[PDB]
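K.L.:
Structure supplied as data03.pdb; contents: PDB, C-alpha atoms (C1' of nucleotides).
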ATOM      1  CA  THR J 134       0.000   0.000   0.000
ATOM      2  CA  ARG J 135       2.052   2.910  -1.329
ATOM      3  CA  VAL J 136       1.089   6.104  -3.154
ATOM      4  CA  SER J 137       3.189   7.865  -5.802
ATOM      5  CA  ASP J 138       3.282  11.503  -6.924
ATOM      6  CA  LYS J 139       6.101  13.294  -8.753
ATOM      7  CA  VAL J 140       6.594  17.004  -9.411
ATOM      8  CA  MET J 141       6.844  18.103 -13.044
ATOM      9  CA  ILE J 142       9.666  20.546 -13.765
ATOM     10  CA  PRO J 143       9.306  23.211 -16.527
ATOM     11  CA  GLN J 144      11.886  21.615 -18.824
ATOM     12  CA  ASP J 145      10.214  23.534 -21.650
ATOM     13  CA  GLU J 146      12.034  26.664 -20.489
ATOM     14  CA  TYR J 147      14.262  25.773 -17.536
ATOM     15  CA  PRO J 148      16.598  22.719 -17.700
ATOM     16  CA  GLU J 149      16.614  21.445 -14.107
ATOM     17  CA  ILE J 150      18.496  24.232 -12.314
ATOM     18  CA  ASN J 151      18.003  24.352  -8.569
ATOM     19  CA  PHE J 152      14.750  22.500  -9.072
ATOM     20  CA  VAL J 153      16.576  19.311  -8.272
ATOM     21  CA  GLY J 154      18.936  21.202  -5.978
ATOM     22  CA  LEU J 155      16.460  23.147  -3.820
ATOM     23  CA  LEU J 156      14.134  20.118  -3.811
ATOM     24  CA  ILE J 157      17.071  18.134  -2.439
ATOM     25  CA  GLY J 158      19.133  20.349  -0.156
ATOM     26  CA  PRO J 159      22.679  19.761   1.199
ATOM     27  CA  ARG J 160      22.974  16.022   0.607
ATOM     28  CA  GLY J 161      19.219  16.036   0.747
ATOM     29  CA  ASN J 162      17.860  18.277   3.501
ATOM     30  CA  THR J 163      14.617  19.009   1.670
ATOM     31  CA  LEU J 164      14.324  15.336   0.679
ATOM     32  CA  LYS J 165      14.724  13.870   4.169
ATOM     33  CA  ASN J 166      12.746  16.771   5.643
ATOM     34  CA  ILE J 167       9.534  16.086   3.731
ATOM     35  CA  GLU J 168      10.336  12.395   4.168
ATOM     36  CA  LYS J 169      10.236  12.762   7.952
ATOM     37  CA  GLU J 170       7.144  14.964   7.705
ATOM     38  CA  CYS J 171       4.482  13.041   5.774
ATOM     39  CA  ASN J 172       6.596   9.873   5.685
ATOM     40  CA  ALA J 173       7.334  10.324   1.984
ATOM     41  CA  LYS J 174      10.193   9.242  -0.274
ATOM     42  CA  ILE J 175      11.843  11.869  -2.473
ATOM     43  CA  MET J 176      13.661  10.611  -5.558
ATOM     44  CA  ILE J 177      14.222  12.785  -8.620
ATOM     45  CA  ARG J 178      14.273  10.860 -11.900
ATOM     46  CA  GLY J 179      15.351  12.143 -15.302
ATOM     47  CA  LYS J 180      18.202  14.165 -16.788
ATOM     48  CA  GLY J 181      19.415  16.460 -14.031
ATOM     49  CA  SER J 182      18.345  14.447 -11.003
ATOM     50  CA  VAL J 183      21.259  12.481  -9.547
ATOM     51  CA  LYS J 184      24.058  14.932 -10.391
ATOM     52  CA  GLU J 185      25.174  12.581 -13.171
ATOM     53  CA  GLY J 186      25.247  15.278 -15.836
ATOM     54  CA  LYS J 187      25.859  18.425 -13.806
ATOM     55  CA  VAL J 188      28.946  19.950 -12.181
ATOM     56  CA  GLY J 189      30.649  19.406  -8.841
ATOM     57  CA  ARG J 190      30.841  15.623  -9.066
ATOM     58  CA  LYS J 191      32.515  13.404 -11.665
ATOM     59  CA  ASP J 192      31.259  13.101 -15.244
ATOM     60  CA  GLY J 193      30.059   9.949 -16.974
ATOM     61  CA  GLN J 194      26.454   9.112 -17.824
ATOM     62  CA  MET J 195      25.423   5.945 -15.984
ATOM     63  CA  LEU J 196      21.624   6.143 -16.023
ATOM     64  CA  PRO J 197      19.507   6.588 -19.203
ATOM     65  CA  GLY J 198      18.649  10.220 -19.873
ATOM     66  CA  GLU J 199      16.363  10.091 -22.902
ATOM     67  CA  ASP J 200      13.112   8.926 -21.307
ATOM     68  CA  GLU J 201      12.365  10.632 -17.988
ATOM     69  CA  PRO J 202      12.059  14.421 -18.586
ATOM     70  CA  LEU J 203      12.725  15.965 -15.162
ATOM     71  CA  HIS J 204      10.500  15.163 -12.200
ATOM     72  CA  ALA J 205      10.916  14.382  -8.506
ATOM     73  CA  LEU J 206       9.084  11.143  -7.735
ATOM     74  CA  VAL J 207       7.743  11.299  -4.184
ATOM     75  CA  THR J 208       6.265   8.121  -2.708
ATOM     76  CA  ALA J 209       4.287   7.491   0.479
ATOM     77  CA  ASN J 210       1.531   5.376   2.037
ATOM     78  CA  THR J 211      -1.573   7.510   1.509
ATOM     79  CA  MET J 212      -2.516  10.095  -1.118
ATOM     80  CA  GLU J 213      -3.193  12.567   1.701
ATOM     81  CA  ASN J 214       0.320  12.457   3.164
ATOM     82  CA  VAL J 215       1.985  12.585  -0.253
ATOM     83  CA  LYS J 216      -0.399  15.411  -1.165
ATOM     84  CA  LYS J 217       0.748  17.953   1.429
ATOM     85  CA  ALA J 218       4.298  16.713   0.881
ATOM     86  CA  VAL J 219       4.108  17.464  -2.833
ATOM     87  CA  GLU J 220       2.542  20.826  -1.975
ATOM     88  CA  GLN J 221       5.701  22.141  -0.323
ATOM     89  CA  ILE J 222       7.809  20.543  -3.047
ATOM     90  CA  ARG J 223       5.896  22.691  -5.518
ATOM     91  CA  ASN J 224       6.655  25.801  -3.486
ATOM     92  CA  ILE J 225      10.255  24.896  -4.278
ATOM     93  CA  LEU J 226       9.953  24.081  -8.014
ATOM     94  CA  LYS J 227       6.966  26.178  -9.144
ATOM     95  CA  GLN J 228       8.879  29.152  -7.787
ATOM     96  CA  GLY J 229      12.369  27.706  -8.151
ATOM     97  CA  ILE J 230      14.822  30.485  -8.863
ATOM     98  CA  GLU J 231      12.232  32.584 -10.668
ATOM     99  CA  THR J 232       9.620  32.590  -7.909
ATOM    100  CA  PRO J 233       6.291  34.368  -8.673
ATOM    101  CA  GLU J 234       5.428  37.959  -7.755
ATOM    102  CA  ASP J 235       4.379  36.692  -4.318
ATOM    103  CA  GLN J 236       8.064  36.774  -3.396
ATOM    104  CA  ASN J 237      10.670  37.138  -6.164
ATOM    105  CA  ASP J 238      13.081  38.816  -3.740
ATOM    106  CA  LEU J 239      13.279  35.569  -1.794
ATOM    107  CA  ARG J 240      14.012  33.725  -5.039
ATOM    108  CA  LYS J 241      17.482  33.048  -3.681
ATOM    109  CA  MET J 242      15.995  31.965  -0.352
ATOM    110  CA  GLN J 243      15.682  28.444  -1.747
ATOM    111  CA  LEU J 244      19.483  28.481  -1.499
ATOM    112  CA  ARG J 245      19.421  29.950   2.000
ATOM    113  CA  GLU J 246      17.751  26.857   3.451
ATOM    114  CA  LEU J 247      20.966  25.043   2.641
ATOM    115  CA  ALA J 248      23.299  28.015   3.084
ATOM    116  CA  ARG J 249      22.229  29.151   6.563
ATOM    117  CA  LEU J 250      22.298  25.441   7.400
ATOM    118  CA  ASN J 251      25.947  24.796   6.512
ATOM    119  CA  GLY J 252      27.067  28.358   7.187
ATOM    120  CA  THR J 253      26.945  28.950   3.437
ATOM    121  CA  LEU J 254      24.764  31.977   4.157
ATOM    122  CA  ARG J 255      26.152  35.271   2.854
TER     123      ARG J 255
ATOM    124  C1'   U Y   1      34.401  38.384  -4.111
ATOM    125  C1'   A Y   2      28.946  33.306  -0.243
ATOM    126  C1'   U Y   3      28.643  37.508  -5.719
ATOM    127  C1'   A Y   4      24.471  31.621  -1.523
ATOM    128  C1'   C Y   5      24.096  25.921  -5.665
ATOM    129  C1'   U Y   6      23.286  21.992  -2.318
ATOM    130  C1'   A Y   7      22.627  15.543  -4.844
ATOM    131  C1'   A Y   8      21.142  12.926  -2.749
ATOM    132  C1'   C Y   9      18.711   9.192  -2.663
ATOM    133  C1'   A Y  10      18.681   6.091  -5.791
ATOM    134  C1'   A Y  11      19.038   4.324 -11.193
TER     135        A Y  11
END
Can you dump the structure from the file as structure tokens?
P.N.:
Amino acid sequence: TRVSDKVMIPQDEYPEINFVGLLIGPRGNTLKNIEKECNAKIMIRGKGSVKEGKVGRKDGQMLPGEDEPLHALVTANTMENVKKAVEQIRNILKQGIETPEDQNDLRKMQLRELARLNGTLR
RNA sequence: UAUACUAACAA
């Protein structure tokens, strides 16, 4: 008895940017956070998901990157738990680094969650 | 020049 629900990333305009980053966190703060909240399982699948085609780490495609577009598959037990979980996740992607007019100034805040956490805050 | 980027977990 497990429910699934991934978050679609606007790969039509943006590649994967901090969508995978912010959604993850340092090592995976955002991932484990929502995981400990509604008992969900965050796992981004697609091109830029497991830092296999980005910078920082080593290069060398290991997982197929021609099928999955760019989404963060979040599992759980009930649709309710995964629902609220996906909600926050959207607040991270939907806004990403080009957050709506609601904020915009805090567009870089998605990087502060990790920064202020590891002292990486300006 | 934190001018913040973090990639895990899984695949």
K.L.:
So what does the PyMOL selection byres ((chain J) within 9 of (chain Y)) actually pick up in this one, as a PyMOL selection string?
P.N.:
chain J and resi 150-151+153-155+157-162+164+174-178+182-184+195-197+241-242+244-245+247-249+253-255
K.L.:
Go ahead and save the residues from that selection, with C-alpha atoms, as a PDB file, in the coordinates of the input.
P.N.:
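Just written: out30.pdb:
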ATOM      1  CA  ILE J 150      18.496  24.232 -12.314  1.00  0.00           C
ATOM      2  CA  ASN J 151      18.003  24.352  -8.569  1.00  0.00           C
ATOM      3  CA  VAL J 153      16.576  19.311  -8.272  1.00  0.00           C
ATOM      4  CA  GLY J 154      18.936  21.202  -5.978  1.00  0.00           C
ATOM      5  CA  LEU J 155      16.460  23.147  -3.820  1.00  0.00           C
ATOM      6  CA  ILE J 157      17.071  18.134  -2.439  1.00  0.00           C
ATOM      7  CA  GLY J 158      19.133  20.349  -0.156  1.00  0.00           C
ATOM      8  CA  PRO J 159      22.679  19.761   1.199  1.00  0.00           C
ATOM      9  CA  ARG J 160      22.974  16.022   0.607  1.00  0.00           C
ATOM     10  CA  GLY J 161      19.219  16.036   0.747  1.00  0.00           C
ATOM     11  CA  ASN J 162      17.860  18.277   3.501  1.00  0.00           C
ATOM     12  CA  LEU J 164      14.324  15.336   0.679  1.00  0.00           C
ATOM     13  CA  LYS J 174      10.193   9.242  -0.274  1.00  0.00           C
ATOM     14  CA  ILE J 175      11.843  11.869  -2.473  1.00  0.00           C
ATOM     15  CA  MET J 176      13.661  10.611  -5.558  1.00  0.00           C
ATOM     16  CA  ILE J 177      14.222  12.785  -8.620  1.00  0.00           C
ATOM     17  CA  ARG J 178      14.273  10.860 -11.900  1.00  0.00           C
ATOM     18  CA  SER J 182      18.345  14.447 -11.003  1.00  0.00           C
ATOM     19  CA  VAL J 183      21.259  12.481  -9.547  1.00  0.00           C
ATOM     20  CA  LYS J 184      24.058  14.932 -10.391  1.00  0.00           C
ATOM     21  CA  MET J 195      25.423   5.945 -15.984  1.00  0.00           C
ATOM     22  CA  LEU J 196      21.624   6.143 -16.023  1.00  0.00           C
ATOM     23  CA  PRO J 197      19.507   6.588 -19.203  1.00  0.00           C
ATOM     24  CA  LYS J 241      17.482  33.048  -3.681  1.00  0.00           C
ATOM     25  CA  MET J 242      15.995  31.965  -0.352  1.00  0.00           C
ATOM     26  CA  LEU J 244      19.483  28.481  -1.499  1.00  0.00           C
ATOM     27  CA  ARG J 245      19.421  29.950   2.000  1.00  0.00           C
ATOM     28  CA  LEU J 247      20.966  25.043   2.641  1.00  0.00           C
ATOM     29  CA  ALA J 248      23.299  28.015   3.084  1.00  0.00           C
ATOM     30  CA  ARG J 249      22.229  29.151   6.563  1.00  0.00           C
ATOM     31  CA  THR J 253      26.945  28.950   3.437  1.00  0.00           C
ATOM     32  CA  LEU J 254      24.764  31.977   4.157  1.00  0.00           C
ATOM     33  CA  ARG J 255      26.152  35.271   2.854  1.00  0.00           C
TER      34      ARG J 255
END
K.L.:
What does the structure give for the distance between CA of residue 199 in chain J and CA of residue 186 in chain J, in Å to one decimal?
P.N.:
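Atom-to-atom, CA of residue 199 in chain J and CA of residue 186 in chain J are spaced 12.5 Å apart.
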K.L.:
Could you tell me which residues the PyMOL selection byres ((chain J and resi 135-143) around 12) returns for this structure, as a VMD selection string?
P.N.:
chain J and resid 134 144 to 153 156 171 to 182 201 to 231
K.L.:
Around all the atoms of range 1-9 of chain Y listed in the file, draw an axis-aligned box and extend it by 5 Å on each of the six sides; I want its centre and edge lengths in Å to one decimal, as AutoDock Vina command-line options.
P.N.:
--center_x 26.6 --center_y 23.8 --center_z -3.0 --size_x 25.7 --size_y 39.2 --size_z 15.5
K.L.:
CA of residue 198 in chain J to CA of residue 185 in chain J: how many Å, to one decimal?
P.N.:
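Going from CA of residue 198 in chain J over to CA of residue 185 in chain J covers 9.6 Å.
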